[PDB]
RNA sequence: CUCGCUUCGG
Ligand SMILES: Nc1ncnc2c1ncn2[C@@H]1O[C@H](COP(=O)(O)OP(=O)(O)OP(=O)(O)O)C[C@H]1O
Ligand SMILES: [Mg+2]
Ligand SMILES: [Zn+2]
Ligand SMILES: [Zn+2]
C-alpha cells in the first residue's frame, strides 16, 4: 500500500501535496493473475534486482 | 531527485521490509562465473523464523523466466510448479536450484558454499531517512507551557515520556533527570514571597 | 595416497554436492612439509603464460596460467574501478521543455560512454568548474521537435507525423576547446554507440544543453567504468574416475554442457570422454544422477584463470588490460616512493 | 566564556528507543561522527533496545551539564549495564550472523593455513587494538600440512596479546549435547575453555547468545571486569563477519526441499493418523468411546484427535531432520540457535 | 482451507499482541507510580519516602539481583573453584588431604576480614569445603593415595589436586564477590522492581 | 494530555534528535555513530578553562 | 602522508609494525599481502579495513627474528612491481602475436 | 628423550556414531603391548586411515630428540633434525584433563588423559603406570606413523 | 518512464537496444530468441529489456504539445 | 496558532 511507483498516465500534469515516483519502474517477473486483471503491470511500483 | 542511501527502507513484496545498511563498491561484491554481481545482498537469517518459502520460489521462477524470456505466474493456490522451473534452469545450463558457484570479490577466492542468485522484485518504500532525520536546537517554544513544540514540521523536540523518566529513576541518575526535565526544557526563575507564600 | 591428497589440496578446487573444498590458496613457505613454497622469481617467470583465445572489438578472452588468485582479483578490480575514462559530469541546461526531468536527463547523459581517449587528458583540479582545454570536453545537444510539414492525413505512427521526436545520442556535437580541434582528427571525439535513446519529444518541446566531460575513475562513480563486465573464472578440469560407457555415457553427455563431453564408438559401443572442459559452466547436474555421482570428479585448476573482458567501447580491451597493469605498477611505485621519502 | 561547540567524538550521549519497557531501553553511549545520515551502533546492543533495523526510529539526547554527562557515562554506560537487573542474565551478547559465524568457525571441520588464519586474526586489529602484538598461536597440525584449527582462531579473540591478563575458564553443555559424552560427545557439544583457549565444543547461542548465564562474555564480565567483556564483544563483532563473508553462507530452495524418505514417511504417517482418527470418530458416533477422566466424550475425542495430529507432525519432523544432510543452512541456523528452530524447519 | 485456517491463527496472534501492549502499559504505569519512592538506605534498610521501613534488609540478605551469578545464589562455588584451579595451577606445591584442607579453611576463615561477612555465606562456604574434602578423601581411598606425599605414581596426585595457595585465592575471591554483590546504598530498588515485573 | 502527565511528569526537551537506525559492526558496543548533519545542530556548552 | 608506519607500542619495536595506507582498498592490500606472505621471514602479515566509509587500510607485519619489518614491506612492493612488469610484457607479446597470426 | 608415551595401536572402529565430519574422524584404538584404549580425533583428508590399520603413536614433551625443551615458539620454516622426521602425522596440543576411572568402585588403577589438539580430542585410558609424566596444562606433541 | 541507458547490475549498454528490440517484436520473433539475437547473454540485461515498461509515449500523450 | 479528525510508521 506504501510502495513507491507510478500513479497514472497524467501524473505529470497532476499537482498533489506529496507525490512519489520511480525513475525506471519495471513490471514484476513473477506476476499473479490478479496483477493482469487489475493491469498493475501497466503502472509498476518496483524494480527487479 | 533522491538516490537510495543508508536508512532508505526497502521491501521485497513478501513482508521482508529492510533498511539499506551498507553500500559497497561493485568490485567488493561477489561475482559468479558469468560476471554477474548482485544489486541486493539480503541476509539468509530472515528466512527460518518467518518461513517465507514463497520468496525462494519467486526467486527461482524469476531466474527461469528471465533465462527463457517468459513471465512465470505466482498465482495463489496454483502458479508455475518448482519442477518446471528447475527443468528450465537445467536446460539453460544453470544449476537446477539457483545455487551458483561464486568467487569472493574481496579475497578473489571461491566461496565454500554455493550462493542463491536470482532476480527479485524489490520495491522502495516512501519512508526515507532524509525526511525522517530530525535534530533540535533550543528552537521555538509553546506559549501556554514554555516547552518545545511537538512535531518535526514545527521544529519540535523529542519527548521524555513517563517510562523514560521511570528508567532514569531506576538508574538513580538524579542530576541528569533534573537537567533533562528542568534545565533543558522549561527552566524558569520566579519570585516567591516568604511571608505570604 | 597422502601425497595425492596434498597435491589435490594445493592444486585443485573440488566442487562437492553441498559445498566447495580447498578454496584457500595455501602454497606459502612453511605451510607444507615436502614443498619449498618460498618466492622464486625465476620459477614464476618460467611457469607463467598468457594465451588469447578470442578477441574482437569490445570483447577479449584470455587464459593466464601461473598467477595467483590475489593478483587476478587485483587486476579485475583495477579494470572495474581504477581505470580512468571520459564521461559527462556537468550539464548546463538552456530551456529544457522535455517531459524527462532535468536531473533524470543529466543522469542519463552522464551514463553515455565517450570515445575520447582518457590518456590524453588530465584530472580536473579541485574546483575549477570552468575547465581548461587540457582537462575537459564540451558536447552541444540542441534538438527542437516540430511537426513534419509533409505527412499523410492519418499518420498514426509518430515517425511520419514528427521530426526529431527521438533525441538519439548522434545529435551530440563535439565543441572543440582551444587546440583540441587540431590534436583530435574529426570523428575521433564522439559518443561511442551513436544510437542510445536519450529522450523522447513532442512538437514544441526543445532540449538545448551543453555537457562538460572530465576524467574520472570507476571507483568515484560507476559511469566511469570502462568495462561492461571484467571477470575471471578458474579453468575446469572434469575427470572420470572410472571408464563410463553405454547409454550412461550419453547420460553423461546430457548432464554437463553440450560441448564438453563427447561420446565415441571405439568398438561400436559408446564411451564418453572429456573433450573441451573449458566450455563447462558447472551446472552440477551430474549430482542428480545417483549412479553417476561417484564416477566423476568436478574440479577447477587453481592457477588457471580465464579472463573475460567485455568493454563499453571507449577503447579496445587489450589497452584496458595494459592500463590496469600499469595502474597497479603505479600504485606500487607511489608507495615505494613514499617509503623512500620516509627513510 | 561558554562556547557552544558541535557534538564531537567522545561526547556522552543518551540513546533511547521510545517504547520503553525496562531501564536498559535507554543507555549512554560515546558519540562518533560519521558522514551518513543514520544512527549506527553495534548490533550486539540490539537486544536491550529491541530494535530490528526495519525502519525503527530512535531518539538521541545530549546532556548539557558536566554532572549530567558524568552520571550518564558512569551509571548508564553500555559496559556498565551488560546484565539485566531482572535476573542478572547478560542482555548485550552476540546475535544472528554472529552466533552462526562463530559456530561455523569453531566447528571441527575448519582448518586454516597460515595466510587465511593471519587474515582472519588481522581483521580485529583496529582501534584500541592497533597497539598490541598479534600472538599467533602455534599450529595444531604441522607435519603433513601446517593447519590452524578454527577454535584457536576463536580463542585468539579472548586473549589476543601476550600481556593480556585475561584467563577465561568455562565448562558447560551445548544445545545438541548427547548427555553421556561428558566432553566426549559425538556431536562435540560440550564447551570447555581453559585459560582463554577453546579446548572443546562449538560456539552457539547457549554460550555466545544473550539467553542466560554460562555465557563466555558473562564469565569475562564477572571475572575480569567490564572492559575485557566489551573488548571481546568488539573483537567478535569484527572477526565473525569477516570469516562468514569469506566462507559464504546461503540458503536456497533446495535447502528446504523434502527427500524421498521424508515423503514416504509422511504419506505412511498421514494414512495411519487418518485411519486412527476415523476409528475414534466411529467409536464416538456409534457406540461407546472410552471417556477420558475429567472431560466429556466430545472433549475426549478432541484430545485424541489433537494427539494423533501432533504424532503425525512430530514424526514427520523427526523424519525430515534425520534425512536432512549437514551444511543445510536452516539446519545449521537451528543447531547454533541463531534463528529459527527444529519446529520451523519441520513446518516449512 | 489450510491457508484460511493459518490466516486465522496469524490474526489471533496479531490481535493478542495488540491488546497485550495496552494492558501491560497500564500495569507498568501503575507499578512504577506506586513503587518509585523506595530507596536502599545506608543502614541496609529499605525505607519509604516518609521514613517508614518496608524491609530491615533488602531481599532478606542484601544482595544485588544484577550481580546475582547463580540461580538466585550469589556464587556457583564449583565454577569459582575450577576457575581458581585453572588460573593459578601451582605446580611446585603438594596437594592437600581432607584434614589439611579442613584445617587450612578453618584457619583462613577466622581472619578479621571474614567477620563482617554474613554468617549464611560462611556456612555455605564451609559446606562446599566439606563436600570437596569428602570428594578428595573418596578419590584417595579409591586409588590408595597416601597423604604423606610419597605415592609412586605422581599422576595420581593430579586426580583431585588442591593447594593452599588455591584455597586462599578461592576464599578471597568468594569473599570479594560477596562484598561486591551487595546493594549499593541509594539504589532505586522500587523502580527496579517495578520495571523487572512489568517488562 | 493534562499538566501532570503531559507537561510535568513527562515533557518535551530540546537538544535532542530522532533518526532511523542502521547496523554498524565496526563500532564498539559503547559507541554510537552520529550523522554529521545532526552533530552540527546538537551543541554542547563547553566552559573555557586553562 | 599516504603510508605511515606505527610501531607495536611506545617501546618502538621493529619486529611488529602496522603500515597505514591511504586511499587504498582490498586491491593493493590483498596483492601485497600475497606477495609479502611468501617471504620466509614474516611470521604474520594481515590487512584490514578500518571502516568502509573511509578509504584506508592497515597492514600488519610481524617478522621472525630481528628484521625491521620495513625491509619485508619494501621487498614485497618490489616483487609485486617486477611481477606486474613481467605479466605486462608477456600479455603484450601474446596480444601482438595473436594479432599477427590472425592476419 | 622427552617421550612421555609410546605404543603400537590397532584401530577397532572408525566412526561408531556416524560420518559426523567431512575432514575429522573419531578413531577408536586398542594397544597390543598393553590394554591402553585410545579415543582420537584425526584429520583423514590429509592422513587417511582404515579400519584394519596399525600405527605407532608417540606422545612427546618436546619435538627435539636431544632433550632441548625450548618451545617458546615454533618456526615451520626452520629446518633441523627433529623427531617429526621419523613420523608422518604430527599434532600439537595440551593435556587439559586427568580423570580417574569411576566404573571400578574400589581398588581402581585406571586413569584417563584428555588432550585437546585445538578441539581435536584424545582420551588415552589405561593403567596409571603408563601415564607417568602426564600433567594438566602441559603441552605435548602427538606423532603417528602407519605400519605395514 | 524510459528505458535505462545502462544495465543496473553488470553495466552493459542497453539503452540503444530498446527500439530495435521492438522491431523484433514488430517482426515474428519471440521474446527469448529476440533477446538472444540482440546479444544479451547474461540474464540481467534480459531482465532489463524484458521487464521494462515504455511509459514515455503514454506520458507524452498527456504532454502540452 | 489552537483544536479535533483521519492515514501512516514502529
Ligand atoms: N504498538 C506498539 N507498541 C510498542 N512497540 C511497538 C508497537 N508496534 C510496533 N512496535 C515495535 O516493533 C516491534 C514489533 O515487532 P515484532 O512483533 O516482534 O515482529 P513482527 O512485526 O511480528 O514481524 P514478523 O511478522 O514476525 O515478521 C517491537 C516494538 O518495539
Ligand atoms: Mg522494528
Ligand atoms: Zn507576600
Ligand atoms: Zn546486464
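Recorded method is electron microscopy, 3.0 Å.
Including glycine, each Cβ sits where the backbone N, Cα and C put it.
Taken verbatim from Swiss-Prot:
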- I:7, I:10, I:44, I:45: Zn(2+) binding site (BINDING)
> Are there any residues in the same chain, six or more apart in sequence, whose C-beta is under 8 angstroms from the C-beta of residue I:7 (Zn(2+) binding site), and if so which?
Replying inline: I:13, I:14, I:44, I:45, I:48
> Around residue I:45 (Zn(2+) binding site), how many other C-beta atoms are within 10 angstroms of its C-beta?
Replying inline: 26
> When C-beta separations to chain C are restricted to under 8 angstroms, which of the binding-site residues I:10, I:44, I:45 qualify?
Replying inline: I:10
> What three-state class does DSSP give residue I:45 (Zn(2+) binding site)?
Replying inline: helix
>> Radius 10 Å, atoms counted are CB only; among the binding-site residues I:10, I:44, which position scores highest?
In response: I:44
> Among the binding-site residues (I:7, I:10, I:44, I:45), which are close to chain B, meaning C-beta separation under 8 angstroms?
Replying inline: I:10, I:44
> Under 8 Å Cβ-Cβ to chain G, which of the binding-site residues I:7, I:10, I:44, I:45?
Replying inline: none
